[PDB]
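Trainee: Pasting model_18.txt below, which is compact mmCIF, C-alpha atoms and all ligand atoms.
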```txt
# COMPACT_ATOMS: atom_id res chain seq x y z
CA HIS A 140 0.11 14.38 13.79
CA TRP A 141 -1.85 11.81 14.91
CA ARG A 142 -3.29 8.37 15.59
CA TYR A 143 -5.98 6.26 13.94
CA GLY A 144 -9.35 6.73 15.62
CA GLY A 145 -8.05 9.94 17.14
CA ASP A 146 -9.61 13.39 17.24
CA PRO A 147 -9.99 15.77 15.48
CA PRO A 148 -10.98 14.33 12.09
CA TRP A 149 -8.27 14.85 9.48
CA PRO A 150 -10.00 17.67 7.54
CA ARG A 151 -9.49 19.82 10.64
CA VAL A 152 -5.71 19.53 10.40
CA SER A 153 -5.47 19.09 6.60
CA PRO A 154 -8.51 20.41 4.67
CA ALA A 155 -7.29 18.64 1.52
CA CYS A 156 -8.37 15.40 3.22
CA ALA A 157 -11.95 16.45 2.41
CA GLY A 158 -11.14 16.76 -1.32
CA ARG A 159 -13.35 15.10 -3.94
CA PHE A 160 -10.84 12.60 -5.30
CA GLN A 161 -9.50 10.76 -2.26
CA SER A 162 -8.20 7.25 -1.59
CA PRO A 163 -8.84 4.47 -0.76
CA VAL A 164 -11.92 3.53 -2.77
CA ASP A 165 -14.11 0.49 -3.31
CA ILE A 166 -13.18 -1.43 -6.46
CA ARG A 167 -16.11 -2.87 -8.40
CA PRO A 168 -14.41 -4.90 -11.11
CA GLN A 169 -17.65 -5.23 -13.12
CA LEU A 170 -17.67 -1.46 -13.56
CA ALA A 171 -13.95 -1.11 -14.23
CA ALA A 172 -13.03 0.02 -17.72
CA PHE A 173 -10.81 -2.39 -19.65
CA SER A 174 -7.92 -0.49 -21.27
CA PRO A 175 -5.72 -2.56 -23.60
CA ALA A 176 -3.18 0.30 -23.37
CA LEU A 177 -2.29 -0.88 -19.84
CA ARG A 178 0.79 -3.10 -20.21
CA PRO A 179 2.44 -5.34 -17.61
CA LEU A 180 4.25 -3.40 -14.89
CA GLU A 181 8.02 -3.17 -15.34
CA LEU A 182 10.26 -3.19 -12.29
CA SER A 183 14.04 -3.06 -12.06
CA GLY A 184 16.43 -2.94 -9.14
CA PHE A 185 14.01 -4.52 -6.64
CA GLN A 186 16.25 -7.52 -5.84
CA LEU A 187 18.34 -6.02 -3.06
CA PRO A 188 21.48 -7.71 -1.69
CA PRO A 189 21.70 -8.66 2.03
CA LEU A 190 23.94 -5.62 2.63
CA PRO A 191 23.67 -2.69 3.06
CA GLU A 192 20.83 -2.84 5.56
CA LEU A 193 17.54 -0.93 5.42
CA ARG A 194 15.81 1.23 8.05
CA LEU A 195 12.60 -0.29 9.44
CA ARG A 196 10.61 2.16 11.61
CA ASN A 197 7.49 2.14 13.74
CA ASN A 198 6.25 5.68 13.04
CA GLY A 199 3.00 5.25 15.00
CA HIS A 200 0.92 5.16 11.80
CA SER A 201 2.47 2.02 10.28
CA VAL A 202 5.74 0.12 10.03
CA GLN A 203 7.75 1.72 7.21
CA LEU A 204 10.74 0.29 5.30
CA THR A 205 13.09 2.83 3.68
CA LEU A 206 14.14 1.80 0.18
CA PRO A 207 17.55 2.55 -1.38
CA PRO A 208 18.12 4.29 -4.72
CA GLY A 209 17.65 2.43 -7.97
CA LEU A 210 14.23 0.84 -7.65
CA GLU A 211 12.64 1.76 -10.97
CA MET A 212 8.98 1.25 -11.76
CA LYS A 213 7.29 1.86 -15.12
CA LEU A 214 3.51 2.13 -15.52
CA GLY A 215 3.80 2.74 -19.25
CA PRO A 216 5.06 5.24 -21.82
CA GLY A 217 5.68 8.57 -20.08
CA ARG A 218 5.01 7.17 -16.62
CA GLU A 219 8.22 6.20 -14.84
CA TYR A 220 8.93 6.22 -11.11
CA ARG A 221 11.42 5.48 -8.38
CA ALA A 222 10.44 3.65 -5.16
CA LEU A 223 10.86 5.54 -1.88
CA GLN A 224 9.42 3.37 0.89
CA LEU A 225 6.85 0.70 1.66
CA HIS A 226 4.50 0.24 4.59
CA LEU A 227 1.44 -1.76 5.61
CA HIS A 228 -2.18 -1.40 6.74
CA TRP A 229 -3.87 -3.97 8.95
CA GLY A 230 -6.68 -4.74 11.36
CA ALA A 231 -6.72 -6.58 14.66
CA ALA A 232 -7.29 -10.08 15.99
CA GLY A 233 -10.01 -11.52 13.75
CA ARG A 234 -10.73 -8.17 12.10
CA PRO A 235 -9.63 -7.13 8.58
CA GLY A 236 -7.76 -3.89 7.85
CA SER A 237 -7.05 -3.40 4.15
CA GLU A 238 -7.67 0.11 2.81
CA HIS A 239 -9.12 -0.68 -0.58
CA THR A 240 -12.15 -2.99 -0.74
CA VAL A 241 -13.42 -5.18 -3.58
CA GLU A 242 -17.21 -5.17 -4.08
CA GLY A 243 -17.47 -3.80 -0.55
CA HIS A 244 -15.40 -6.58 1.06
CA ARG A 245 -12.33 -5.89 3.20
CA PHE A 246 -9.14 -7.98 3.14
CA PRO A 247 -6.91 -8.81 6.15
CA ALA A 248 -4.15 -6.32 5.25
CA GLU A 249 -2.60 -4.28 2.44
CA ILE A 250 0.90 -3.31 1.34
CA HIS A 251 1.79 0.05 -0.22
CA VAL A 252 4.99 0.79 -2.14
CA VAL A 253 5.23 4.57 -2.61
CA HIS A 254 7.03 6.00 -5.66
CA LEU A 255 8.23 9.41 -6.92
CA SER A 256 7.91 10.41 -10.58
CA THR A 257 11.25 10.71 -12.40
CA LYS A 258 9.97 14.14 -13.45
CA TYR A 259 10.48 15.46 -9.91
CA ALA A 260 13.63 15.58 -7.78
CA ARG A 261 11.85 15.66 -4.41
CA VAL A 262 8.49 14.61 -2.90
CA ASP A 263 7.54 18.15 -1.90
CA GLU A 264 7.81 19.21 -5.57
CA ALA A 265 5.57 16.31 -6.59
CA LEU A 266 2.86 16.71 -3.93
CA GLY A 267 -0.54 17.43 -5.42
CA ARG A 268 0.77 17.34 -8.98
CA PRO A 269 -1.08 14.93 -11.26
CA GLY A 270 1.09 11.82 -11.61
CA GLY A 271 3.81 13.14 -9.30
CA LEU A 272 3.46 10.22 -6.90
CA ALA A 273 2.40 6.64 -7.57
CA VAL A 274 1.53 3.82 -5.20
CA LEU A 275 1.60 0.08 -5.85
CA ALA A 276 -0.92 -1.71 -3.65
CA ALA A 277 -1.58 -5.41 -2.97
CA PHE A 278 -3.98 -7.22 -0.65
CA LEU A 279 -2.64 -9.65 1.95
CA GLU A 280 -4.82 -12.69 2.62
CA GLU A 281 -4.63 -15.69 4.90
CA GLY A 282 -3.13 -18.84 3.42
CA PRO A 283 -1.91 -22.22 4.77
CA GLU A 284 1.82 -21.55 4.29
CA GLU A 285 4.27 -19.22 6.00
CA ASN A 286 5.37 -16.44 3.63
CA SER A 287 9.17 -16.46 3.78
CA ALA A 288 9.60 -12.97 2.29
CA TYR A 289 7.25 -11.35 4.78
CA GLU A 290 8.83 -13.30 7.65
CA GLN A 291 11.99 -11.25 7.09
CA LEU A 292 10.09 -8.15 8.22
CA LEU A 293 7.52 -9.66 10.59
CA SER A 294 10.25 -11.32 12.67
CA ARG A 295 11.74 -7.88 13.37
CA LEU A 296 8.56 -6.14 14.60
CA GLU A 297 9.03 -7.05 18.30
CA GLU A 298 12.22 -4.98 18.52
CA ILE A 299 10.38 -1.91 17.26
CA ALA A 300 7.15 -2.43 19.22
CA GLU A 301 7.22 1.00 20.88
CA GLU A 302 6.21 4.03 18.83
CA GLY A 303 9.12 5.84 17.23
CA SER A 304 11.45 2.84 17.40
CA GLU A 305 13.62 1.76 14.50
CA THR A 306 15.96 -1.03 13.54
CA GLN A 307 18.16 -2.04 10.60
CA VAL A 308 17.30 -5.12 8.54
CA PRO A 309 19.01 -7.06 5.72
CA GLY A 310 18.21 -6.17 2.13
CA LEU A 311 15.71 -8.50 0.52
CA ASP A 312 13.85 -9.03 -2.73
CA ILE A 313 11.21 -6.30 -2.49
CA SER A 314 9.25 -7.83 -5.40
CA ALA A 315 8.84 -11.03 -3.36
CA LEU A 316 6.50 -8.96 -1.12
CA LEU A 317 4.28 -8.39 -4.17
CA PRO A 318 2.14 -10.69 -6.34
CA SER A 319 3.89 -12.42 -9.23
CA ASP A 320 1.26 -11.40 -11.78
CA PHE A 321 2.30 -7.96 -13.08
CA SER A 322 -0.16 -8.05 -15.96
CA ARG A 323 -3.54 -7.91 -14.16
CA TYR A 324 -4.29 -4.80 -12.12
CA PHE A 325 -6.68 -1.90 -11.50
CA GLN A 326 -5.63 1.73 -11.85
CA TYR A 327 -7.18 5.05 -10.84
CA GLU A 328 -6.30 8.57 -9.73
CA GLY A 329 -6.68 9.44 -6.05
CA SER A 330 -4.82 10.73 -2.99
CA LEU A 331 -2.37 9.86 -0.27
CA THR A 332 -4.38 7.95 2.34
CA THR A 333 -2.80 9.85 5.24
CA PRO A 334 -2.43 13.58 5.89
CA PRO A 335 -1.81 15.75 3.93
CA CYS A 336 -4.04 13.65 1.61
CA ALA A 337 -2.61 15.28 -1.52
CA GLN A 338 -4.45 14.38 -4.75
CA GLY A 339 -3.03 13.49 -8.18
CA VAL A 340 -1.67 10.14 -6.94
CA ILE A 341 -1.72 7.24 -9.42
CA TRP A 342 -2.93 4.08 -7.66
CA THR A 343 -2.28 0.62 -9.09
CA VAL A 344 -3.95 -2.26 -7.24
CA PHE A 345 -2.91 -5.84 -8.09
CA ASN A 346 -5.70 -8.26 -8.99
CA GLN A 347 -3.69 -11.15 -7.52
CA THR A 348 -3.19 -11.20 -3.74
CA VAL A 349 -0.32 -12.31 -1.51
CA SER A 350 -0.82 -14.94 1.22
CA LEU A 351 0.47 -14.88 4.80
CA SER A 352 -0.11 -17.49 7.51
CA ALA A 353 -2.64 -16.87 10.29
CA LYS A 354 0.27 -16.56 12.71
CA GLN A 355 1.96 -14.00 10.45
CA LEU A 356 -1.17 -11.85 10.15
CA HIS A 357 -1.49 -11.98 13.95
CA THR A 358 2.15 -10.90 14.37
CA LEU A 359 1.53 -7.94 12.06
CA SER A 360 -1.55 -6.69 13.93
CA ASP A 361 -0.66 -7.67 17.52
CA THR A 362 2.96 -6.52 17.94
CA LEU A 363 3.17 -2.74 17.47
CA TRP A 364 2.16 0.12 19.73
CA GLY A 365 1.11 3.57 18.51
CA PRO A 366 1.16 7.21 19.68
CA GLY A 367 0.44 7.82 23.35
CA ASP A 368 -0.89 4.71 25.07
CA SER A 369 -2.53 3.38 21.91
CA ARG A 370 -2.31 0.03 20.15
CA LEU A 371 -1.15 0.17 16.44
CA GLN A 372 -4.21 -1.62 15.07
CA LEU A 373 -6.95 -0.85 12.55
CA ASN A 374 -4.57 1.54 10.84
CA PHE A 375 -6.65 2.05 7.72
CA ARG A 376 -8.68 4.95 6.34
CA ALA A 377 -12.41 4.69 5.66
CA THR A 378 -13.44 4.16 2.05
CA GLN A 379 -13.80 7.40 0.05
CA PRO A 380 -16.46 8.28 -2.56
CA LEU A 381 -15.49 7.76 -6.23
CA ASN A 382 -17.27 10.95 -7.27
CA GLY A 383 -17.39 10.12 -10.97
CA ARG A 384 -13.90 8.69 -11.33
CA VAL A 385 -13.21 5.72 -13.59
CA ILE A 386 -11.24 2.75 -12.33
CA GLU A 387 -9.40 1.16 -15.26
CA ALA A 388 -8.51 -2.54 -15.55
CA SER A 389 -5.53 -3.99 -17.46
CA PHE A 390 -7.52 -7.11 -18.33
CA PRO A 391 -10.98 -7.91 -19.82
CA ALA A 392 -14.17 -9.27 -18.27
CA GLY A 393 -14.21 -13.04 -17.82
CA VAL A 394 -16.54 -15.11 -15.66
CA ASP A 395 -15.62 -16.42 -12.19
CA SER A 396 -17.31 -19.74 -12.96
CA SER A 397 -19.05 -21.85 -15.61
CA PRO A 398 -21.73 -24.60 -15.69
CA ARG A 399 -20.58 -28.05 -16.85
CL CL A 401 -11.07 18.28 -5.06
CL CL A 402 -20.63 -4.62 -5.56
ZN ZN A 403 0.73 10.92 14.01
ZN ZN A 404 -19.88 -10.26 -1.94
ZN ZN A 405 -0.47 3.40 2.86
```
Would you give me this structure, written as structure tokens?

Mentor:
Amino acid sequence: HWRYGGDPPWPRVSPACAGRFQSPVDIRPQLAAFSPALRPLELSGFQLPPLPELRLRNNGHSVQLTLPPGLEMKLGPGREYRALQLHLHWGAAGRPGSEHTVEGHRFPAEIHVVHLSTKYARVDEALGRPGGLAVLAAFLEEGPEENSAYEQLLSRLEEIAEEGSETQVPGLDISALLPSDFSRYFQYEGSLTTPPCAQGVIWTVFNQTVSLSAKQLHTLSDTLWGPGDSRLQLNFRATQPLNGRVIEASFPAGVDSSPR
């Protein structure tokens, strides 16, 4: 327990981090398998009122927002979850820091919303069990406009700049931190992307991205400090080998362009 870029490598402290079915991975949409069984995601309870407040913590690995009870997420028949927390992965000034890549390209940042299967009462019961945990992931890109939903969190980072600091923030619409298109996504089975790197995690990566302003992306990557004397930057894991896994897509092929 640990900092990005630190020593020793994770398999030394958690051998499961050297498992064969780890996350994140590179997504090659042309090789993804279209599955018409994959229906639009169904969320309920994500529109939180201003009160009560939520814990926002700099844990030295990321900034993590604790979510209240009642956030329900359904991936499909037999696959229902409750949200626990969300956190972010980012780079540094001018440098991207998403965890997943698309055709080998890295995005500025990435949001993760971590969920527990309704089949398990506690995380430690679910760890390593196929389908026990599920993560919703979206890429954050630069856009021309300030993202008002993200500003609610970004504006509070300065007060938790030092590692281990926390603060309380107003409830907000958690779905406003995610893309609006719930119908188009990729899905595969992998791992937690931090120790203990437990496998059996269902990953769902939105096809649509979310946009933050340049200033906002800078605030995210420039404000927080990590363990020891370190800067909380480049807090993403290297891409992991697919090792024969299939990435499914909830939508068919389609061309990016067409001649007149
Ligand atoms: Cl394995
Ligand atoms: Cl490629
Ligand atoms: Zn640590
Ligand atoms: Zn390319
Ligand atoms: Zn994460």

Trainee: Residues within 12 Å of ligand ZN 404 (chain A) should be enumerated using only C-alpha atoms and all ligand atoms and returned as a list in words.

Mentor: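 I would give the residues around ligand ZN 404 (chain A) as residues 166, 167, 168, 240, 241, 242, 243, 244 and 245 of chain A.
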
Trainee: Atom CA of residue A:233 to atom CA of residue A:277: how many Å, to one decimal?

Mentor: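 These two atoms are separated by 19.7 Å.
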
Trainee: Considering all atoms listed in the file, can you say which of A:362, A:382, A:333, A:347 comes closest to ligand ZN 403 (chain A)?

Mentor: A:333

Trainee: Give me, as a ChimeraX atom specification, the set of residues whose atoms come within 8 Å of any atom of ligand CL 401 (chain A), counting all atoms listed in the file.

Mentor: /A:155,157-160,338

Trainee: Per residue of chain A within 9 Å of ligand ZN 405 (chain A), note the shortest atom pair and the distance in Å to one decimal, counting all atoms listed in the file, and order the rows by chain and increasing residue number, as a Markdown table.

Mentor:
```
| residue | atom | partner | partner_atom | distance |
| --- | --- | --- | --- | --- |
| A:201 | CA | A:ZN405 | ZN | 8.1 |
| A:225 | CA | A:ZN405 | ZN | 7.9 |
| A:226 | CA | A:ZN405 | ZN | 6.1 |
| A:227 | CA | A:ZN405 | ZN | 6.2 |
| A:228 | CA | A:ZN405 | ZN | 6.4 |
| A:238 | CA | A:ZN405 | ZN | 7.9 |
| A:249 | CA | A:ZN405 | ZN | 8.0 |
| A:250 | CA | A:ZN405 | ZN | 7.0 |
| A:251 | CA | A:ZN405 | ZN | 5.1 |
| A:252 | CA | A:ZN405 | ZN | 7.9 |
| A:253 | CA | A:ZN405 | ZN | 8.0 |
| A:274 | CA | A:ZN405 | ZN | 8.3 |
| A:276 | CA | A:ZN405 | ZN | 8.3 |
| A:331 | CA | A:ZN405 | ZN | 7.4 |
| A:332 | CA | A:ZN405 | ZN | 6.0 |
| A:333 | CA | A:ZN405 | ZN | 7.3 |
| A:375 | CA | A:ZN405 | ZN | 8.0 |
```

Trainee: Just checking: using all atoms listed in the file, which residue out of A:360, A:198, A:397, A:256 ends up closest to ligand ZN 403 (chain A)?

Mentor: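 Of A:360, A:198, A:397, A:256, the one nearest ligand ZN 403 (chain A), counting all atoms listed in the file, is A:198.
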
Trainee: Within 10 Å of ligand ZN 403 (chain A), which residues show up when you count all atoms listed in the file? List them as a list in words, please.

Mentor: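 Counting only what the definition allows, namely all atoms listed in the file, the set is residues 140, 141, 142, 143, 145, 198, 199, 200, 201, 333, 334, 365, 366 and 367 of chain A.
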
Trainee: For the atom pair atom CA of residue A:348 and atom CA of residue A:316, what is the interatomic distance in Å to one decimal place?

Mentor: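 Atom CA of residue A:348 sits 10.3 Å away from atom CA of residue A:316.
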
Trainee: Under the rule that only C-alpha atoms are counted, which of A:381, A:293, A:351, A:388 is the nearest residue to residue A:203?

Mentor: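 Looking at the shortest contact to residue A:203, the residue is A:293.
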
Trainee: Would you work out the distance separating atom CA of residue A:299 from atom CA of residue A:343, expressed in Å to one decimal?

Mentor: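 Taking atom CA of residue A:299 and atom CA of residue A:343, their separation equals 29.3 Å.
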
Trainee: Could you check the closest approach to ligand CL 402 (chain A) for each of A:296, A:195, A:248, A:170 and tell me which residue wins, using only C-alpha atoms and all ligand atoms?

Mentor: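 Checking each candidate against ligand CL 402 (chain A), we get A:170 as the closest.
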
Trainee: Compare A:150, A:171, A:272, A:344 by their minimum atom-to-atom distance to ligand CL 402 (chain A), counting only C-alpha atoms and all ligand atoms, and give me the closest one.

Mentor: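 Selected residue with least distance to ligand CL 402 (chain A): A:171.
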
Trainee: So which one's closest to residue A:173, A:325, A:305, A:396, A:358? Using all atoms listed in the file, please.

Mentor: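 Counting all atoms listed in the file, the residue closest to residue A:173 is A:325.
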
Trainee: Need the shell around residue A:255: protein/DNA/RNA residues with any atom at most 10 Å away, counting all atoms listed in the file. Skip same-chain ones fewer than 3 positions apart. Format as a list in words?

Mentor: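 Here the qualifying residues turn out to be residues 211, 212, 219, 220, 221, 222, 223, 224, 258, 259, 260, 261, 262, 264, 265, 266, 270, 271, 272, 273, 274 and 340 of chain A.
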
Trainee: When you look at stretch 184-187 of chain A with a cut-off of 8 Å (counting all atoms listed in the file), what residues show up, excluding the ones that are within fewer than 5 positions of it in the same chain? I need them as a list in words.

Mentor: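 Residues near the query, excluding close chain neighbours: residues 209, 210, 211, 310, 311, 312, 313 and 314 of chain A.
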